[PDB]
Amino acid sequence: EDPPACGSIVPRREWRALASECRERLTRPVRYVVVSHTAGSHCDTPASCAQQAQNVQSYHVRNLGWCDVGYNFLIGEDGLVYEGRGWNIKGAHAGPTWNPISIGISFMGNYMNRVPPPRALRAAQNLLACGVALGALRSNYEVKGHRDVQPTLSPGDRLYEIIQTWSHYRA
């Protein structure tokens, strides 16, 4: 491993994640990033957000039968990025059309009547810049709201409005 790391990401083990059983890799570089919200409870401390990351992963693995938390990454209102399937593994966030050609990041919480804090927003934007730097993402990658590629309300009305202001957002 030649390691020149980017950003700060709370690795799987730190948030006590069940080992992954996922195997299908994504093709680098990836062109799309889909932004969703978990629709679950929010957290603003590394302690409560490690917890929530475990909770979301348990729901997906235990109730849905997936190989791993469905998201490649999760964003905490604590301002940290939590590692999901990562940069090289296909997620289960955006359907069978989009899961194979995109990176899915999800903000932990419901943003229909609520906006996430600046640090979460910064954590997300930063991860993406890091994805481009690492070669995992296309320099001209595109960001989509979950609701742009599926019939959901995800990533929440408030959060959707915000990501539409991002330079890489393409409806």
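All residue numbers are counted from 1 along the displayed sequence. Here, rigid core means the biggest group of C-alpha atoms that superpose within 1.5 Å across both forms.
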Which of 158-166 and 5-13 lies farther from this form in 9 other deposited structures of this protein, as RMS of C-alpha positions after a rigid core fit: 5-13
Largest Cα B-factor, entry values, listed residues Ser106, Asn140, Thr27, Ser102: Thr27
Cα B factor band for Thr45 (lowest, middle or highest third within the chain): middle
Chain third (lowest, middle, highest) by recorded CA B-factor, residue given as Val34: lowest
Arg122 by Cα B-factor - lowest, middle or highest third of the modelled chain: lowest
Third assignment of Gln54 from its chain's C-alpha B-factors: middle
Relative C-alpha B-factor of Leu64, binned into the chain's lowest, middle or highest third: middle
